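Asks:
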Amino acid sequence: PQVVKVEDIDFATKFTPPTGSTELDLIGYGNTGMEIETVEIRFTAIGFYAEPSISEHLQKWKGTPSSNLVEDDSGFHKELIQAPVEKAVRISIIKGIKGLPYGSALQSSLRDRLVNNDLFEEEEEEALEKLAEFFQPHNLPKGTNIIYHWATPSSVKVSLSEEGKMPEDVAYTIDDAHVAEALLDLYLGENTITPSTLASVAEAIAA
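Numbers 3 to 209, taken from the UniProt record's numbering, label the letters of the sequence shown in order.
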């Protein structure tokens, strides 16, 4: 259709991020989590969008089982992440959170990924501090939208809006290519914080 339910939240099947020139299709969706004293709680609804052509860049995976694709060392993750097409994630907050803890968690997770790949130099460290600082003054209540748009492979346009509206302008830009790739790896990599979104995406490509 034109609208899909992700955790009873409406996600459009097609979407142009703020200030973008290109219509992106909904490839997969899922959720991310949080915990309180080991109890698992649903934190956000996620939708992963990309230029329709991403399907053709990944033709070679057609007809493989989804379970093959998401398995470690399959190679699919990196080819998904590196597909030379525009991509975006739309996040809809399910459990409200202050902006500092969210930005610090993001920083922590992106650092871990960059460190684990020997890519965490002073440039990446500064870019992450400034990303965390962007979020620190905001509150992210239930229903808030966060859009990350990979307009170029080395850049991420970050935009935010209240429930019911998409953002009109870009609020923040990530200018570091390694951070930009780490942010995609956060959602689509072997150690993804959202296995459900990755499983949804792989299904969509394999079929």
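Just so it is clear, CB atoms sit at the ideal spot from N, CA and C, and this is done for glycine as well.
Could you tell me which whole beta strand (DSSP E) segments of length 3 or greater appear in the stretch 58–104?
Replies: Listed in chain order, the complete beta strand (DSSP E) runs (minimum 3 residues) inside the stretch 58–104 are 89–95.
Asks: Any contact between the stretch 167–176 and the stretch 108–126? By contact I mean 3 or more CB pairs, one from each, below 8 Å.
Replies: Too few Cβ pairs lie closer than 8 Å, so no.
Asks: Does the distance from the CB of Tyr31 to the CB of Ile43 come in under 8 Å?
Replies: Going by C-beta atoms, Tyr31 is not nearer than 8 Å to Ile43.
Asks: Indicate whether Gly105 and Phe137 have their beta-carbon atoms separated by less than 8 Å.
Replies: Yes, these two residues count as a Cβ contact at 8 Å.
Asks: Once you ignore the five residues that flank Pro3 on each side, which residues in its own chain have a CB closer than 7 Å to its CB?
Replies: Cβ within range, chain order: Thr15.
Asks: Taking one C-beta from the stretch 73–85 and one from the stretch 130–147 each time, how about it: are there three or more such pairs within less than 8 Å?
Replies: No, the stretch 73–85 is not in contact with the stretch 130–147.
Asks: Could you tell me which uninterrupted alpha helix (DSSP H) segments, each at least 4 residues in length, are contained entirely in the stretch 118–151, listed from first to last along the chain?
Replies: With a minimum length of 4 residues, the continuous alpha helix (DSSP H) runs that stay inside the stretch 118–151 are 124–137.
Asks: Using only CA atoms, which one of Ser202, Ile99, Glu88 lies nearest to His140?
Replies: Selected option, being the one with the closest Cα: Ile99.
Asks: Quick one: measure Cβ to Cβ for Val158 and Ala182, integer angstroms, because I've assumed they're closer than 8 Å.
Replies: About 5 Å separates the two Cβ atoms, so the contact holds.
Asks: I need the boundaries of the beta strand (DSSP E) containing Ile48, first residue and last residue.
Replies: Start and end: 41–52.
Asks: Excluding the 5 residues flanking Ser156 on each side, which residues of the same chain have their C-beta closer than 6 Å to its C-beta?
Replies: So the qualifying residues of the chain are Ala179, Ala182.
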